file start08.cif (mmCIF, C-alpha atoms and all ligand atoms)
data_run
#
loop_
_atom_site.label_atom_id
_atom_site.label_comp_id
_atom_site.auth_asym_id
_atom_site.auth_seq_id
_atom_site.Cartn_x
_atom_site.Cartn_y
_atom_site.Cartn_z
CA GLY A 344 130.65 98.69 97.94
CA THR A 345 128.78 98.43 101.25
CA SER A 346 128.72 102.05 102.45
CA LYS A 347 125.26 102.97 101.17
CA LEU A 348 123.98 99.64 102.50
CA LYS A 349 125.39 100.43 105.96
CA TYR A 350 123.79 103.88 105.74
CA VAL A 351 120.38 102.34 104.99
CA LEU A 352 120.77 99.89 107.90
CA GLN A 353 121.89 102.50 110.46
CA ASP A 354 119.50 102.45 113.42
CA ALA A 355 117.15 100.15 111.49
CA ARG A 356 114.79 97.55 112.91
CA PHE A 357 114.81 94.01 111.54
CA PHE A 358 112.08 91.37 111.30
CA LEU A 359 112.33 87.71 110.30
CA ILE A 360 109.72 86.81 107.65
CA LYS A 361 109.01 83.09 107.20
CA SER A 362 107.20 82.04 104.03
CA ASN A 363 105.78 78.54 103.55
CA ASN A 364 106.54 78.55 99.80
CA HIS A 365 108.86 80.10 97.22
CA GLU A 366 105.93 81.42 95.16
CA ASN A 367 105.04 84.08 97.75
CA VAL A 368 108.61 85.37 97.93
CA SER A 369 108.86 85.44 94.12
CA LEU A 370 105.63 87.45 93.99
CA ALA A 371 107.03 89.82 96.64
CA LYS A 372 110.24 90.22 94.63
CA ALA A 373 108.35 90.97 91.43
CA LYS A 374 105.67 93.30 92.82
CA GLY A 375 107.42 94.95 95.76
CA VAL A 376 104.70 94.04 98.30
CA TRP A 377 104.23 91.91 101.38
CA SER A 378 101.19 90.90 103.41
CA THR A 379 101.08 89.18 106.80
CA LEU A 380 98.74 88.15 109.58
CA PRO A 381 97.24 91.01 111.63
CA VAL A 382 99.35 90.23 114.74
CA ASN A 383 102.45 90.94 112.63
CA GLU A 384 100.85 93.71 110.55
CA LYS A 385 100.25 95.67 113.74
CA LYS A 386 103.86 95.10 114.84
CA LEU A 387 105.21 96.19 111.45
CA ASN A 388 103.05 99.33 111.30
CA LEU A 389 104.28 100.37 114.76
CA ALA A 390 107.89 99.71 113.73
CA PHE A 391 107.49 101.67 110.48
CA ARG A 392 106.56 104.84 112.41
CA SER A 393 109.34 104.33 114.99
CA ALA A 394 112.52 103.83 112.95
CA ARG A 395 114.27 105.29 109.90
CA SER A 396 114.32 101.85 108.20
CA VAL A 397 112.36 98.65 108.88
CA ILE A 398 114.06 95.65 107.21
CA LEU A 399 112.27 92.38 106.38
CA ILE A 400 114.58 89.37 106.02
CA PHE A 401 112.84 86.54 104.13
CA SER A 402 113.26 82.78 104.55
CA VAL A 403 111.26 80.05 102.82
CA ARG A 404 110.57 77.27 105.29
CA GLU A 405 112.60 74.06 104.77
CA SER A 406 114.79 75.83 102.20
CA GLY A 407 117.76 76.17 104.54
CA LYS A 408 118.39 79.72 103.29
CA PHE A 409 117.30 83.33 103.40
CA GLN A 410 116.08 84.60 100.03
CA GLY A 411 116.95 88.30 100.44
CA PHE A 412 115.83 91.35 102.36
CA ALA A 413 113.77 94.48 101.75
CA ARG A 414 112.89 97.81 103.36
CA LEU A 415 109.33 98.81 104.24
CA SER A 416 108.37 101.88 102.22
CA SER A 417 104.79 102.18 103.51
CA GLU A 418 102.45 101.21 106.30
CA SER A 419 99.96 98.52 105.36
CA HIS A 420 97.00 99.55 103.21
CA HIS A 421 93.86 97.79 102.00
CA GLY A 422 91.92 97.94 98.75
CA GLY A 423 94.68 97.41 96.19
CA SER A 424 94.76 94.98 93.29
CA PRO A 425 94.44 91.50 94.86
CA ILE A 426 97.77 89.68 95.15
CA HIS A 427 97.41 86.00 94.26
CA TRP A 428 99.32 84.71 97.27
CA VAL A 429 99.53 80.94 97.68
CA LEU A 430 98.46 80.60 101.26
CA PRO A 431 99.75 77.94 103.74
CA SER A 435 91.78 82.19 103.14
CA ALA A 436 92.80 85.57 101.70
CA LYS A 437 90.52 87.57 104.02
CA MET A 438 92.65 86.43 106.98
CA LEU A 439 95.60 88.50 105.73
CA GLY A 440 96.02 92.11 106.80
CA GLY A 441 96.79 95.01 104.51
CA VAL A 442 99.59 95.21 101.97
CA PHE A 443 103.00 96.73 102.68
CA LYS A 444 104.99 98.27 99.86
CA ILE A 445 108.64 97.21 100.05
CA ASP A 446 111.88 98.13 98.29
CA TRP A 447 114.24 95.23 97.80
CA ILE A 448 117.77 95.71 99.04
CA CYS A 449 119.11 92.24 98.17
CA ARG A 450 117.39 89.56 96.09
CA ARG A 451 120.25 87.05 96.55
CA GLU A 452 120.12 83.99 98.81
CA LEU A 453 122.21 83.31 101.90
CA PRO A 454 122.47 79.75 103.29
CA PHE A 455 121.95 79.19 107.01
CA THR A 456 125.43 77.64 107.17
CA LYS A 457 126.87 81.14 106.72
CA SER A 458 124.88 82.79 109.55
CA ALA A 459 125.62 80.14 112.18
CA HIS A 460 127.80 82.57 114.19
CA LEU A 461 124.91 85.05 114.64
CA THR A 462 122.47 84.74 117.54
CA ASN A 463 119.42 86.89 118.16
CA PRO A 464 119.12 88.39 121.68
CA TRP A 465 115.36 88.82 121.23
CA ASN A 466 114.93 85.07 120.68
CA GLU A 467 116.96 83.72 123.64
CA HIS A 468 120.24 84.11 121.69
CA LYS A 469 119.23 81.24 119.46
CA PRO A 470 120.82 81.32 115.98
CA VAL A 471 119.16 84.05 113.95
CA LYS A 472 117.83 81.54 111.40
CA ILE A 473 115.51 80.25 114.13
CA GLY A 474 112.34 82.21 114.80
CA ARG A 475 108.62 82.49 114.18
CA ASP A 476 107.31 84.63 111.34
CA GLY A 477 107.53 88.22 112.56
CA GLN A 478 110.32 87.67 115.10
CA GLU A 479 112.24 90.89 115.63
CA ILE A 480 116.01 90.64 115.26
CA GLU A 481 118.12 92.90 117.48
CA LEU A 482 119.99 95.75 115.76
CA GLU A 483 123.53 94.35 115.83
CA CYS A 484 122.56 90.81 114.81
CA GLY A 485 120.27 92.08 112.06
CA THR A 486 122.89 94.44 110.66
CA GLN A 487 125.57 91.74 110.58
CA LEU A 488 123.14 89.27 108.98
CA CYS A 489 122.31 91.71 106.18
CA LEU A 490 126.02 92.37 105.63
CA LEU A 491 126.57 88.62 105.09
CA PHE A 492 124.40 88.52 101.97
CA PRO A 493 126.24 88.62 98.64
CA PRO A 494 126.02 92.13 97.18
CA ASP A 495 123.13 92.54 94.74
CA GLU A 496 124.60 94.63 91.94
CA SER A 497 121.22 95.04 90.24
CA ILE A 498 120.02 97.34 93.05
CA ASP A 499 120.91 101.03 93.37
CA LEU A 500 120.42 102.18 96.95
CA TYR A 501 120.52 105.85 95.98
CA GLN A 502 116.80 105.43 95.32
CA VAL A 503 115.95 104.00 98.74
CA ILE A 504 118.14 106.50 100.58
CA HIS A 505 115.98 109.29 99.15
CA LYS A 506 112.93 107.76 100.87
CA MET A 507 114.43 108.08 104.35
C1 LIG A 601 102.21 86.70 101.81
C2 LIG A 601 102.03 85.65 102.91
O1 LIG A 601 102.43 84.55 102.77
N1 LIG A 601 101.37 86.05 104.14
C3 LIG A 601 101.15 85.13 105.25
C4 LIG A 601 100.62 83.86 105.05
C5 LIG A 601 100.43 83.03 106.15
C6 LIG A 601 100.77 83.51 107.41
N2 LIG A 601 101.27 84.72 107.56
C7 LIG A 601 101.46 85.53 106.54
#

call {"tool": "encode", "arguments": {"input": "start08.cif", "output": "structure tokens"}}
result
Amino acid sequence: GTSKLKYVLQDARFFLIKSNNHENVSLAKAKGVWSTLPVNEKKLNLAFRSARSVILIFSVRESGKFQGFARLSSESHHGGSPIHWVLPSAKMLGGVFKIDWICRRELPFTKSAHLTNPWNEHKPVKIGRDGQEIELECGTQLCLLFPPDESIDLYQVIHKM
């Protein structure tokens, strides 16, 4: 079903995350972490304090697809075990965000072609710089397009809100 998913997404904020390679998204899927440039880290930390759920929607560049989406479970923090990101220097990254995956399945851009993002000139939601915020209605509908991920139990993430 989609009811718990809709509950998690209610009044959420959404951010497009663009990765240059599949290895970084695989690492994020395995370890439940993300790291980004400070301009976006600051935006994500502000959003985390401001909304019940902050959703990151991942897309590997040139892949033609989104690779899933996850919910921020923490503000960024420094001093953890170093994540061996494959970058485009590691000091240039900000802190690390803990994330809880909501869907690890892919969605091709062909399926989201009817969704435009008001915060990026109503261009199709697939188009945007890393860190681009997606307006609430567009972001909710995009997340609802993903195939259900039956390996994830959202009871756990609901208890964090
Ligand atoms: C994990 C990751 O790929 N972070 C990143 C790299 C380059 C630019 N912005 C963010």

call {"tool": "closest_atom_pairs", "arguments": {"input": "start08.cif", "of": "chain A", "to": "ligand LIG 601 (chain A)", "cutoff": "8 Å", "atoms": "all atoms listed in the file", "output": "CSV"}}
result
residue,atom,partner,partner_atom,distance
A:361,CA,A:LIG601,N2,7.9
A:362,CA,A:LIG601,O1,5.5
A:363,CA,A:LIG601,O1,6.9
A:364,CA,A:LIG601,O1,7.9
A:367,CA,A:LIG601,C1,5.6
A:368,CA,A:LIG601,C1,7.6
A:371,CA,A:LIG601,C1,7.7
A:377,CA,A:LIG601,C1,5.6
A:378,CA,A:LIG601,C1,4.6
A:379,CA,A:LIG601,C7,3.7
A:380,CA,A:LIG601,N2,4.7
A:428,CA,A:LIG601,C1,5.7
A:429,CA,A:LIG601,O1,6.9
A:430,CA,A:LIG601,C4,5.4
A:431,CA,A:LIG601,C5,5.7
A:439,CA,A:LIG601,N1,6.5
A:476,CA,A:LIG601,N2,7.1

call {"tool": "write_last_selection", "arguments": {"input": "start08.cif", "atoms": "C-alpha atoms", "output": "PDB file, in the coordinates of the input"}}
result
ATOM      1  CA  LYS A 361     109.010  83.090 107.200  1.00  0.00           C
ATOM      2  CA  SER A 362     107.200  82.040 104.030  1.00  0.00           C
ATOM      3  CA  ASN A 363     105.780  78.540 103.550  1.00  0.00           C
ATOM      4  CA  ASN A 364     106.540  78.550  99.800  1.00  0.00           C
ATOM      5  CA  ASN A 367     105.040  84.080  97.750  1.00  0.00           C
ATOM      6  CA  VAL A 368     108.610  85.370  97.930  1.00  0.00           C
ATOM      7  CA  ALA A 371     107.030  89.820  96.640  1.00  0.00           C
ATOM      8  CA  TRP A 377     104.230  91.910 101.380  1.00  0.00           C
ATOM      9  CA  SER A 378     101.190  90.900 103.410  1.00  0.00           C
ATOM     10  CA  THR A 379     101.080  89.180 106.800  1.00  0.00           C
ATOM     11  CA  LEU A 380      98.740  88.150 109.580  1.00  0.00           C
ATOM     12  CA  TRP A 428      99.320  84.710  97.270  1.00  0.00           C
ATOM     13  CA  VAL A 429      99.530  80.940  97.680  1.00  0.00           C
ATOM     14  CA  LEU A 430      98.460  80.600 101.260  1.00  0.00           C
ATOM     15  CA  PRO A 431      99.750  77.940 103.740  1.00  0.00           C
ATOM     16  CA  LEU A 439      95.600  88.500 105.730  1.00  0.00           C
ATOM     17  CA  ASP A 476     107.310  84.630 111.340  1.00  0.00           C
TER      18      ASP A 476
END

call {"tool": "residues_near_point", "arguments": {"input": "start08.cif", "point": "(106.7, 103.7, 107.5)", "cutoff": "7 Å", "atoms": "only C-alpha atoms", "output": "MDAnalysis selection string"}}
result
chainID A and resid 388 391:392 415:418

call {"tool": "residues_near_point", "arguments": {"input": "start08.cif", "point": "(119.2, 96.2, 93.0)", "cutoff": "10 Å", "atoms": "all atoms listed in the file", "output": "list in words"}}
result
residues 446, 447, 448, 449, 450, 451, 494, 495, 496, 497, 498, 499, 500 and 502 of chain A

call {"tool": "write_last_selection", "arguments": {"input": "start08.cif", "atoms": "C-alpha atoms", "output": "short mmCIF file (atom, residue, chain, number, x, y, z; two decimals), in the coordinates of the input"}}
result
data_model
loop_
_atom_site.label_atom_id
_atom_site.label_comp_id
_atom_site.auth_asym_id
_atom_site.auth_seq_id
_atom_site.Cartn_x
_atom_site.Cartn_y
_atom_site.Cartn_z
CA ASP A 446 111.88 98.13 98.29
CA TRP A 447 114.24 95.23 97.80
CA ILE A 448 117.77 95.71 99.04
CA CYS A 449 119.11 92.24 98.17
CA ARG A 450 117.39 89.56 96.09
CA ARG A 451 120.25 87.05 96.55
CA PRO A 494 126.02 92.13 97.18
CA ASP A 495 123.13 92.54 94.74
CA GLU A 496 124.60 94.63 91.94
CA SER A 497 121.22 95.04 90.24
CA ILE A 498 120.02 97.34 93.05
CA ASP A 499 120.91 101.03 93.37
CA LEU A 500 120.42 102.18 96.95
CA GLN A 502 116.80 105.43 95.32
#

call {"tool": "closest_residue", "arguments": {"input": "start08.cif", "among": "A:405, A:481, A:467, A:384", "to": "residue 443 (chain A)", "atoms": "only C-alpha atoms"}}
result
A:384

call {"tool": "atom_distance", "arguments": {"input": "start08.cif", "atom1": "CA of residue 412 (chain A)", "atom2": "CA of residue 486 (chain A)"}}
result
11.3 Å

call {"tool": "residues_around", "arguments": {"input": "start08.cif", "residues": "residue 485 (chain A)", "least_positions_apart": "4", "cutoff": "12 Å", "atoms": "only C-alpha atoms", "output": "PDB file with C-alpha atoms, keeping the file's coordinate frame"}}
result
ATOM      1  CA  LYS A 349     125.390 100.430 105.960  1.00  0.00           C
ATOM      2  CA  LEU A 352     120.770  99.890 107.900  1.00  0.00           C
ATOM      3  CA  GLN A 353     121.890 102.500 110.460  1.00  0.00           C
ATOM      4  CA  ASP A 354     119.500 102.450 113.420  1.00  0.00           C
ATOM      5  CA  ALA A 355     117.150 100.150 111.490  1.00  0.00           C
ATOM      6  CA  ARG A 356     114.790  97.550 112.910  1.00  0.00           C
ATOM      7  CA  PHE A 357     114.810  94.010 111.540  1.00  0.00           C
ATOM      8  CA  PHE A 358     112.080  91.370 111.300  1.00  0.00           C
ATOM      9  CA  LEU A 359     112.330  87.710 110.300  1.00  0.00           C
ATOM     10  CA  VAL A 397     112.360  98.650 108.880  1.00  0.00           C
ATOM     11  CA  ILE A 398     114.060  95.650 107.210  1.00  0.00           C
ATOM     12  CA  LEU A 399     112.270  92.380 106.380  1.00  0.00           C
ATOM     13  CA  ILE A 400     114.580  89.370 106.020  1.00  0.00           C
ATOM     14  CA  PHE A 412     115.830  91.350 102.360  1.00  0.00           C
ATOM     15  CA  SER A 458     124.880  82.790 109.550  1.00  0.00           C
ATOM     16  CA  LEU A 461     124.910  85.050 114.640  1.00  0.00           C
ATOM     17  CA  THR A 462     122.470  84.740 117.540  1.00  0.00           C
ATOM     18  CA  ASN A 463     119.420  86.890 118.160  1.00  0.00           C
ATOM     19  CA  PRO A 464     119.120  88.390 121.680  1.00  0.00           C
ATOM     20  CA  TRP A 465     115.360  88.820 121.230  1.00  0.00           C
ATOM     21  CA  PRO A 470     120.820  81.320 115.980  1.00  0.00           C
ATOM     22  CA  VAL A 471     119.160  84.050 113.950  1.00  0.00           C
ATOM     23  CA  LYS A 472     117.830  81.540 111.400  1.00  0.00           C
ATOM     24  CA  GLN A 478     110.320  87.670 115.100  1.00  0.00           C
ATOM     25  CA  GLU A 479     112.240  90.890 115.630  1.00  0.00           C
ATOM     26  CA  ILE A 480     116.010  90.640 115.260  1.00  0.00           C
ATOM     27  CA  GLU A 481     118.120  92.900 117.480  1.00  0.00           C
ATOM     28  CA  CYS A 489     122.310  91.710 106.180  1.00  0.00           C
ATOM     29  CA  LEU A 490     126.020  92.370 105.630  1.00  0.00           C
ATOM     30  CA  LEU A 491     126.570  88.620 105.090  1.00  0.00           C
ATOM     31  CA  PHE A 492     124.400  88.520 101.970  1.00  0.00           C
TER      32      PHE A 492
END

call {"tool": "residues_around", "arguments": {"input": "start08.cif", "residues": "residue 420 (chain A)", "least_positions_apart": "3", "cutoff": "8 Å", "atoms": "all atoms listed in the file", "output": "PyMOL selection string"}}
result
chain A and resi 423+441-443
